[PDB]
Amino acid sequence: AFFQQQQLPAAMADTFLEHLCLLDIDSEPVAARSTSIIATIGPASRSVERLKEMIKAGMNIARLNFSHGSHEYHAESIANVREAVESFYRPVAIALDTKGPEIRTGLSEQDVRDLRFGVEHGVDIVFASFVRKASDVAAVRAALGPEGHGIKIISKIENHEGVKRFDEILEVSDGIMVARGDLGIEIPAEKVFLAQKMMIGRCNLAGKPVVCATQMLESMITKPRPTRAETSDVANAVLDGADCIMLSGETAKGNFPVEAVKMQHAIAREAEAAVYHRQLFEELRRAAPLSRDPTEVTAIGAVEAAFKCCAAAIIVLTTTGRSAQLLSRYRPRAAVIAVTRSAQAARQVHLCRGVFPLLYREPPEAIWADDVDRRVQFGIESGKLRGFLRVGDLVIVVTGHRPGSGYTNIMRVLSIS
Amino acid sequence: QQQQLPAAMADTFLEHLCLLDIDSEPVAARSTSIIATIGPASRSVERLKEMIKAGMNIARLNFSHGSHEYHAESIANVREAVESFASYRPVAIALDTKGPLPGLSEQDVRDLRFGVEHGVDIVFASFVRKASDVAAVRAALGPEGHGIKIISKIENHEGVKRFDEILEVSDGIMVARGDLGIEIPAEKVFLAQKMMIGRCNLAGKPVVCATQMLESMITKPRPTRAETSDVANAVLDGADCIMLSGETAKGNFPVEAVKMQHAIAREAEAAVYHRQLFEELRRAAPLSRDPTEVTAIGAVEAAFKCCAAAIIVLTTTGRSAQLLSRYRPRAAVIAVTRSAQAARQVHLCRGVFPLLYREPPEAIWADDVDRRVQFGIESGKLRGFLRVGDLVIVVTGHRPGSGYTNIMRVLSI
Amino acid sequence: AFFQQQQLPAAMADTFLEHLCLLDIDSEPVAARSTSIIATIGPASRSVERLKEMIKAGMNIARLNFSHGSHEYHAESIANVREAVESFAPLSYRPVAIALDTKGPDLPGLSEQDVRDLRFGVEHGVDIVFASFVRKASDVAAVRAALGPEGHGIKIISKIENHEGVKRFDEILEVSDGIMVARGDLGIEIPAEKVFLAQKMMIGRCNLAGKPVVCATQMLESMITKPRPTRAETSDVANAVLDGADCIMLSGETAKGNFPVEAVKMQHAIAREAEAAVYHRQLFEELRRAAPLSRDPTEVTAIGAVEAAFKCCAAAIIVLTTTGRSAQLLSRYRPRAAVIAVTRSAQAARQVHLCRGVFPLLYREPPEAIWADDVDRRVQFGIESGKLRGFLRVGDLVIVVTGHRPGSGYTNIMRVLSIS
Amino acid sequence: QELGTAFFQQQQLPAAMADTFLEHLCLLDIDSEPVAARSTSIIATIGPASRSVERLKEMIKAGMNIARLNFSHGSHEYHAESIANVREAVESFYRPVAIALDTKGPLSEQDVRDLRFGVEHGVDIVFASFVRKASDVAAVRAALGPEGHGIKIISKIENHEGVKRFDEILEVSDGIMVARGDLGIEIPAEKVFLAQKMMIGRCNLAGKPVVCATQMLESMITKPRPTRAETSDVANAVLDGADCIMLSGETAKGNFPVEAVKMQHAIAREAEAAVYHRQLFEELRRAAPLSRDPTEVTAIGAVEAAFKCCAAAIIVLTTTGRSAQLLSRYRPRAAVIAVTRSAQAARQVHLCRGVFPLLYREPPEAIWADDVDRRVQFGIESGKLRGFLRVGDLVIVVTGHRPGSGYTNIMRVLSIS
């Protein structure tokens, strides 16, 4: 009754091949869609109306493509996103995608002006083009300046050198974009999928976010329904491990931007359920390093705990997003509802599959234990309204023990009433 | 450090993925077969010769359009293109029926009888919903069509839900994602696909992935990034065949599309994680007291143990070659057969490389078996499958006529 | 360094076969011995002085064999055990449970004598009953009715001694608190060459089910007359621990033999080596995989806590428990980490000795007005006792498992913690 | 189906097909009668209690496969007489019985005279005492001389250095004895099981025979039934992987030598069925290196073959017993019936669990292929007569292709008619 749904029969299988044989097109997905959708802003997606429609449809991250358009053009894109968000809470992160050393018909002086404009306007993420080695990342971090230290740097792997030197690059980036457009020209088209699966693999091991990009629903630029290769490509990117999936032409210039967003939402939700966690969790667990970080250790005990009871959600209190990021690397079925006072952490955490941020805006309660419990209550009332939690559900609550500890090192099992 | 071998030897799937390597060149023969649909862009003998060089293994006749005369021309054109290389590549001919409620319409029967009279090897039966639909097709093919393989197209919800029953009476399956993506929500078709290929793999029966794989190459000379993903993943799901429709029937780049599926297939096949796959297919498989099965599995175990360049199998109907292929050996299955139709039809099985043997039987049967093996070894050396000092497994029968393939021997080159 | 010890090279092996091949006789076991030792009381072990040496050697449960000896004889045994235990009331206090092993016999499965013996055991406050010749779930129910209402906290461990009990095992286990593999009689009721199948089955299923299992009889038989056991006998003890047994037992070796203390010591030494050789990577995985989903917050906290302890090489899981249960649910995942169970119930501090790896600490301070002060205080008591006993070092990581609400019975909170 | 209905409840097959080890144990069934031929060999030490030719025939009947002569005691004339009574018992019944000489050790001047005596009287195996390094084994190989090139050297590991230098000793030995008696004095008694499971595991992976020895049924020296610890000890030695189990005082001086042999046979038969091949065979397989030995490649394919069809036997033609050894390391559930023209090979193969030798004495047919087939029919008639085989069984036949190749490199699947 509960168990027919969200591919639970396939999830119980004892081998991967039996998992595949048990996938069922009548097992409806239950869980909130968790792979986040990045939408490139362009003429088709600049109106505030259009941007609200694309938020109801699932966009979590707006991409600004600095290959086209002036600073004033993009400042207007930024303005319409922020006005769409605050004319409804679903935060939307803003991502600056550097022109990079691009020819059209190292770090340039233009990229550096663009990165400074980005800090000026408070962007949350930089998609850094043509990262070929760790010093390219530093060049970017420098450019951002001490004022842009909270901005995440997702490094775009677009050519052979970046693929070769990937471990070094991942070791200094917050995350990765598999930038398949340039990559499929710079290395042979038939080899991209190997590079994609590898980098998503290595990123899932590292606990850092990975983005699949470019041409996933290409044909919806002119048609209202995608091709079968495209829906496959979305589904497989999620099955591969990706934290984010992206739309470029489909939302920037095409005729069906909202439908494009909706379609990635639909494919993503089905594929999330078809994930074979039992094998996935076991492989992450075996390969990941023993840890003496109380937050890592609470994270994995909390995720384990969530699977044993089919927890509806893990509610985590986080300030920077790190605690939710460590839950998310284990790919819980349960929603990671991350309550934070940082509105920029709330936006950035959309880079991590499965994290649903709540922005909490009350002044601190005099007694810290009362504050913690007030934020947790926020978490639960929100999750009830938004359909995450039903009375009678179990939830795992992850929090800290004392204030300014830096550690979210307490886990509690709890029944929604 | 070629053939994705570091990643093949990972101790987990997660680590296999992390070790996939764009520099690790594939050197085995492409093993997943390429079905190309015939149409105005691919009909000419000159186009068909270009496709065969490119990798085409199975020519598809879409009877949703065109007269008996037009398909009879298509058939004669493929056969000429083939015989002009007698680099001999048998090419199967498959009749993809029109269909639509009757498992077969008035017209379908006429088409089926046309296809029997013109010697077609395969039928793709549209809108198969249940076992009785398969049986209708097989009655329509009547007595002279008993050797024709029936690959049921699953195109809607009933057919997915009644899948196991269709599979058990079909020779194989096509995941017909075009109609299926309309008959059920499009976001679900990867689930139906992954299921059916898994089940077909486990039952050892050939499965075809079809439709819109490289759709944009109909007008463009390079595919999208989704399309290369789709083909690579279909091979990773387990498909025996991948198909091309508009891309070769009407598009401006039929040859290039065949090429591109050739290139992707090869890379995906190297990325296969046999270690998990072989073990899972041997675990899930069932006990068998058929000597041909038993020999097949023992032979695939042996080939992995010694990184054999190939398994050479003497087969008359292709069965022993299919039973080898159901275990996805890394080693090429070189199938030596006197039956022209079996050399064509084994292209439904991943990794089977048919060699047609035309010599008059030797008086001494043990001499006839050995001459056919040497023919396999030489043709294998000639084509690049086998180097001196490779190891091959050989799979044959014990006695003339038994109808069984119960002997295997290990051999150097 | 640290990773040469407690067969950690062998524990990190990626296969069982590789684990076996990396077992190292030089790799010293440094954890606390965790399989509990049942000693049968008899003329060789009855004296207070003899019992003190046995407690010191490792005895955790004293077994009263009511197949012989009068009520008065056993009342002396009990008083003697309790005196010896009281003699050590910190570093050396060791709760010791008292278990009553019934005399037993189509037959009724509770002789008229057994009822008198069980009423004796309740009157005298025994913690455990080992119930002979359990054939079916109604036999267990008979025993629970015989113990009457004062006896509701006594644990019932059903002895499986013949073919029928083996065959109705699941029915028995479901209503018992645990099991004893009673190999003596069982080796007569079924061909002796089959007993290891029964033993290995029953331990497996009790591990699965989270319930205690005792391997019993002739484990070190020759030490009755010899000061050293045979090579088969040390193997039997090691393998029973590797099979998954929570307790290992001594009968003639302690009741009538000439080397009762040495037999306890020897079961202590083997058990310690064997525990270190357990292949937890496979065993933890198979246990959670086969354990069903659960909506019991204490269950869920428990498995989350063992996962966490494994990930960080936790020196201990400290669990406040009133009844032993939250301790028992940590134990059923076989944590390499010691389970230190702080409790106010003297009876539960004794009874958790049925559970591998649980070290009870009896807490006697009066409640604190502030209930969260009382929790912190009991947790500290565990940390110090652990440091005073070698369980715990500065800088070790521990998992603390507690309740949130002074009144429910749930240990639904886990915290990760440094010793300082 | 074609096989009986009883089939799948016998031989612990329900446990054998379980998906995990834990579930395998949980499905062991004391009513699953073992049907297969007991395959672990029984070594029985000859002494006053076991020197009668009567006694020895009963012991062979009970299951003894190897007679151990303990040169720590008794004169050469004493052992000559023992050797003589063993051989008369055999040839007053065909059951080969190997004869093994166990050196006094602490290489002495006395051991040298003993090994030369041993060559003179044609012994099949030497249990060499206190092997501490590979050189020790060479001294034994030397003492045997050129006239003893065929004798197997099974190296007794009796102290710490032997344990720690184990890999180099196993590298030059045909096999290993875990000599628990001295080992339990030289290292702490409570560590021997660690040495035993280690050494059996390394011998299982290395394809070489390993013997578990000493005090296995000790109390049967004076009692007609053994203790519960002793039965458990035999069972677990077989479950550990041992090829042979040994009896010392139980047969050499005790009052129940025939009962001791019988009880080891009974316990060994049960424990062989209770083996979890599914995991064992896969571990041996992904641990074992790749190979270019055709015989070895054929062995694993023939064993895999026999498991797929529940083959009743693997009939193998062998001249030295190597092809039978190589099948034996994969621990087939099917009996390995080894047909050989070498009487010394037939005796020595009792070192390998699961190998059942048949001595073939006919002269070679002029057409090898007829000789081969005739030998295979000898295996099949022999197998039938003793209850290995029945009409309707499948067997896997393993032979050579051309005579004198030195490789057994063909398998055939074959119905028994």
# chains A, B, ... in the order shown; residues from 1 in each chain; ligands from 1
call {"tool": "residues_around", "arguments": {"residues": "residue 331 of chain D", "least_positions_apart": "6", "cutoff": "8 Å", "atoms": "only C-alpha atoms", "output": "compact mmCIF listing (two decimals) with N, CA and C atoms, in the first residue's frame"}}
result
# COMPACT_ATOMS: atom_id res chain seq x y z
N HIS D 277 29.18 -22.83 -0.64
CA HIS D 277 30.04 -22.72 -1.83
C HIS D 277 29.84 -21.38 -2.52
N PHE D 281 33.28 -20.08 -3.49
CA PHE D 281 33.77 -20.15 -4.86
C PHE D 281 34.00 -18.77 -5.44
N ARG D 353 40.96 -32.74 -0.75
CA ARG D 353 39.57 -33.02 -0.45
C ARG D 353 38.78 -33.21 -1.74
N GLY D 354 37.94 -34.24 -1.74
CA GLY D 354 37.01 -34.45 -2.81
C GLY D 354 37.52 -35.28 -3.95
call {"tool": "residues_around", "arguments": {"residues": "residue 337 of chain D", "least_positions_apart": "3", "cutoff": "9 Å", "atoms": "only C-alpha atoms", "output": "VMD selection string"}}
result
chain D and resid 313 to 317 324 354 to 358 379 to 380 383 388
call {"tool": "select_by_dssp", "arguments": {"residues": "segment 176-216 of chain C", "states": "alpha helix (DSSP H)", "output": "JSON, numbers by chain"}}
result
{"C": [183, 184, 185, 186, 187, 188, 189, 195, 196, 197, 198, 199, 200, 201, 202, 203, 204, 205, 206, 207, 208, 209]}
call {"tool": "write_last_selection", "arguments": {"atoms": "N, CA, C and O atoms", "output": "compact mmCIF listing (two decimals), in the first residue's frame"}}
result
# COMPACT_ATOMS: atom_id res chain seq x y z
N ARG C 183 23.82 -28.76 24.35
CA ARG C 183 24.42 -29.75 23.46
C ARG C 183 24.58 -31.11 24.10
O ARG C 183 24.69 -32.12 23.39
N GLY C 184 24.65 -31.17 25.44
CA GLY C 184 24.77 -32.45 26.12
C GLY C 184 23.62 -33.35 25.73
O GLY C 184 23.80 -34.30 24.94
N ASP C 185 22.41 -33.04 26.23
CA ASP C 185 21.23 -33.81 25.85
C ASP C 185 21.01 -33.79 24.35
O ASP C 185 20.75 -34.82 23.73
N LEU C 186 21.11 -32.63 23.73
CA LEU C 186 20.89 -32.57 22.28
C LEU C 186 21.79 -33.57 21.55
O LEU C 186 21.37 -34.21 20.58
N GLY C 187 23.01 -33.77 22.03
CA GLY C 187 23.90 -34.75 21.39
C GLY C 187 23.52 -36.19 21.63
O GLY C 187 24.17 -37.09 21.08
N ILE C 188 22.49 -36.43 22.44
CA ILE C 188 21.95 -37.77 22.60
C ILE C 188 20.63 -37.93 21.87
O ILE C 188 20.34 -39.01 21.37
N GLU C 189 19.83 -36.88 21.83
CA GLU C 189 18.54 -36.91 21.16
C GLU C 189 18.65 -36.86 19.64
O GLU C 189 17.68 -37.15 18.94
N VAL C 195 25.01 -31.97 15.75
CA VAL C 195 24.74 -30.93 16.74
C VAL C 195 25.28 -29.58 16.29
O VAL C 195 24.69 -28.54 16.60
N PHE C 196 26.39 -29.57 15.56
CA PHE C 196 26.95 -28.29 15.14
C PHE C 196 26.02 -27.57 14.18
O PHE C 196 26.02 -26.34 14.15
N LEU C 197 25.23 -28.32 13.39
CA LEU C 197 24.23 -27.68 12.53
C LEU C 197 23.18 -26.96 13.37
O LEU C 197 22.86 -25.79 13.14
N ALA C 198 22.67 -27.67 14.38
CA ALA C 198 21.72 -27.05 15.29
C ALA C 198 22.34 -25.84 16.00
O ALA C 198 21.69 -24.80 16.16
N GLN C 199 23.57 -25.97 16.45
CA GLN C 199 24.15 -24.87 17.17
C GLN C 199 24.28 -23.68 16.25
O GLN C 199 23.96 -22.54 16.61
N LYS C 200 24.82 -23.92 15.06
CA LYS C 200 25.10 -22.81 14.18
C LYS C 200 23.81 -22.17 13.68
O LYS C 200 23.76 -20.96 13.46
N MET C 201 22.75 -22.96 13.54
CA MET C 201 21.47 -22.43 13.12
C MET C 201 20.92 -21.56 14.21
O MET C 201 20.58 -20.40 13.98
N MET C 202 20.89 -22.07 15.43
CA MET C 202 20.17 -21.37 16.48
C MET C 202 20.87 -20.07 16.84
O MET C 202 20.22 -19.04 17.08
N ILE C 203 22.20 -20.09 16.87
CA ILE C 203 22.90 -18.84 17.15
C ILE C 203 22.62 -17.84 16.06
O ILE C 203 22.33 -16.67 16.32
N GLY C 204 22.64 -18.30 14.80
CA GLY C 204 22.35 -17.39 13.69
C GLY C 204 21.00 -16.70 13.85
O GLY C 204 20.89 -15.46 13.76
N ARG C 205 19.97 -17.49 14.14
CA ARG C 205 18.62 -16.94 14.23
C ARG C 205 18.42 -16.03 15.44
O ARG C 205 17.65 -15.04 15.35
N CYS C 206 19.08 -16.33 16.58
CA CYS C 206 19.04 -15.42 17.71
C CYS C 206 19.81 -14.12 17.44
O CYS C 206 19.46 -13.06 17.97
N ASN C 207 20.91 -14.19 16.69
CA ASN C 207 21.60 -12.97 16.31
C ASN C 207 20.67 -12.11 15.47
O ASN C 207 20.46 -10.92 15.76
N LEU C 208 20.10 -12.72 14.43
CA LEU C 208 19.07 -12.11 13.61
C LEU C 208 18.01 -11.42 14.45
O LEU C 208 17.67 -10.26 14.20
N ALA C 209 17.50 -12.13 15.45
CA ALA C 209 16.36 -11.67 16.23
C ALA C 209 16.73 -10.78 17.38
O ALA C 209 15.83 -10.37 18.12
call {"tool": "interface_residues", "arguments": {"of": "chain D", "to": "chain B", "cutoff": "6 Å", "atoms": "only C-alpha atoms", "output": "list in words"}}
result
residues 290, 291, 292, 294, 297, 301, 302, 304, 305, 308, 309, 409, 410, 411, 412 and 413 of chain D
call {"tool": "write_last_selection", "arguments": {"atoms": "N, CA, C and O atoms", "output": "short mmCIF file (atom, residue, chain, number, x, y, z; two decimals), in the first residue's frame"}}
result
data_model
loop_
_atom_site.label_atom_id
_atom_site.label_comp_id
_atom_site.auth_asym_id
_atom_site.auth_seq_id
_atom_site.Cartn_x
_atom_site.Cartn_y
_atom_site.Cartn_z
N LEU D 290 44.53 -14.46 -12.65
CA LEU D 290 44.29 -15.03 -13.96
C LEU D 290 45.32 -16.11 -14.23
O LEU D 290 46.34 -16.24 -13.53
N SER D 291 45.04 -16.91 -15.26
CA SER D 291 45.88 -18.07 -15.53
C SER D 291 45.90 -18.37 -17.02
O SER D 291 44.93 -18.15 -17.74
N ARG D 292 47.03 -18.91 -17.44
CA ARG D 292 47.20 -19.46 -18.78
C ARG D 292 47.53 -20.95 -18.74
O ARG D 292 48.04 -21.49 -19.70
N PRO D 294 46.09 -24.26 -19.39
CA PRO D 294 44.85 -24.83 -19.94
C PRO D 294 44.12 -25.76 -18.99
O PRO D 294 42.88 -25.70 -18.89
N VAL D 297 42.43 -23.55 -16.52
CA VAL D 297 41.29 -22.88 -17.12
C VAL D 297 40.14 -23.88 -17.29
O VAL D 297 38.97 -23.55 -17.03
N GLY D 301 36.19 -23.99 -15.31
CA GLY D 301 35.02 -24.08 -16.18
C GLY D 301 34.25 -25.38 -15.99
O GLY D 301 33.02 -25.39 -16.13
N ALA D 302 34.96 -26.46 -15.66
CA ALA D 302 34.28 -27.72 -15.42
C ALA D 302 33.57 -27.71 -14.08
O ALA D 302 32.47 -28.26 -13.95
N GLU D 304 32.48 -24.87 -12.46
CA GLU D 304 31.33 -24.01 -12.70
C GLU D 304 30.25 -24.78 -13.44
O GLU D 304 29.05 -24.65 -13.13
N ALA D 305 30.66 -25.58 -14.42
CA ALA D 305 29.73 -26.40 -15.18
C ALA D 305 28.99 -27.37 -14.26
O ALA D 305 27.76 -27.49 -14.32
N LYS D 308 26.26 -25.76 -12.19
CA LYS D 308 25.11 -25.33 -12.96
C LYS D 308 24.10 -26.46 -13.18
O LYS D 308 22.91 -26.19 -13.35
N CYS D 309 24.56 -27.71 -13.25
CA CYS D 309 23.66 -28.79 -13.62
C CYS D 309 23.48 -29.81 -12.50
O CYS D 309 22.85 -30.87 -12.73
N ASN D 409 42.65 -30.65 -21.10
CA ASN D 409 42.13 -29.35 -21.52
C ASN D 409 40.85 -29.46 -22.33
O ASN D 409 40.60 -28.63 -23.22
N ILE D 410 40.04 -30.47 -22.02
CA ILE D 410 38.75 -30.67 -22.65
C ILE D 410 37.78 -31.04 -21.55
O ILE D 410 38.10 -31.89 -20.72
N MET D 411 36.58 -30.43 -21.56
CA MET D 411 35.49 -30.94 -20.74
C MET D 411 34.30 -31.30 -21.63
O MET D 411 34.02 -30.64 -22.63
N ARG D 412 33.59 -32.32 -21.24
CA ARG D 412 32.41 -32.77 -21.97
C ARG D 412 31.32 -32.94 -20.93
O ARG D 412 31.57 -33.43 -19.82
N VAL D 413 30.11 -32.52 -21.26
CA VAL D 413 28.97 -32.81 -20.40
C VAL D 413 28.29 -34.07 -20.92
O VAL D 413 28.18 -34.26 -22.14
#
call {"tool": "atom_distance", "arguments": {"atom1": "atom CA of residue 280 of chain B", "atom2": "atom CA of residue 353 of chain B"}}
result
24.5 Å
call {"tool": "atom_distance", "arguments": {"atom1": "atom CA of residue 70 of chain A", "atom2": "atom CA of residue 105 of chain A"}}
result
16.9 Å
call {"tool": "residues_around", "arguments": {"residues": "segment 74-85 of chain A", "least_positions_apart": "3", "cutoff": "6 Å", "atoms": "only C-alpha atoms", "output": "compact mmCIF listing (two decimals) with C-alpha atoms, in the first residue's frame"}}
result
# COMPACT_ATOMS: atom_id res chain seq x y z
CA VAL A 48 9.34 38.40 -13.87
CA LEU A 51 10.45 33.63 -13.80
CA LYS A 52 7.68 32.99 -11.30
CA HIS A 71 26.85 43.94 -17.19
call {"tool": "interface_residues", "arguments": {"of": "chain A", "to": "chain D", "cutoff": "12 Å", "atoms": "only C-alpha atoms", "output": "list in words"}}
result
residues 13, 14 and 15 of chain A
call {"tool": "write_last_selection", "arguments": {"atoms": "N, CA, C and O atoms", "output": "PDB file, in the first residue's frame"}}
result
ATOM      1  N   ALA A  13      15.635  -5.336  -3.772  1.00  0.00           N
ATOM      2  CA  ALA A  13      16.299  -6.417  -4.487  1.00  0.00           C
ATOM      3  C   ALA A  13      17.723  -6.626  -3.994  1.00  0.00           C
ATOM      4  O   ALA A  13      18.395  -5.694  -3.555  1.00  0.00           O
ATOM      5  N   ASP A  14      18.209  -7.855  -4.155  1.00  0.00           N
ATOM      6  CA  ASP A  14      19.503  -8.257  -3.619  1.00  0.00           C
ATOM      7  C   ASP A  14      20.645  -8.126  -4.605  1.00  0.00           C
ATOM      8  O   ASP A  14      21.805  -8.307  -4.211  1.00  0.00           O
ATOM      9  N   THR A  15      20.352  -7.863  -5.878  1.00  0.00           N
ATOM     10  CA  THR A  15      21.389  -7.589  -6.863  1.00  0.00           C
ATOM     11  C   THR A  15      20.925  -6.410  -7.712  1.00  0.00           C
ATOM     12  O   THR A  15      19.743  -6.029  -7.716  1.00  0.00           O
TER      13      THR A  15
END
call {"tool": "interface_residues", "arguments": {"of": "chain C", "to": "chain A", "cutoff": "12 Å", "atoms": "only C-alpha atoms", "output": "ChimeraX atom specification"}}
result
/C:12-14,281-282,284-286,288-315,372,395-405,410-418
call {"tool": "interface_residues", "arguments": {"of": "chain C", "to": "chain D", "cutoff": "8 Å", "atoms": "only C-alpha atoms", "output": "ChimeraX atom specification"}}
result
/C:15-18,20-25,183-184,187,192-198,200-202,204-205,217-221,230-236,238-239,266,269-270,273,277,283,286-287
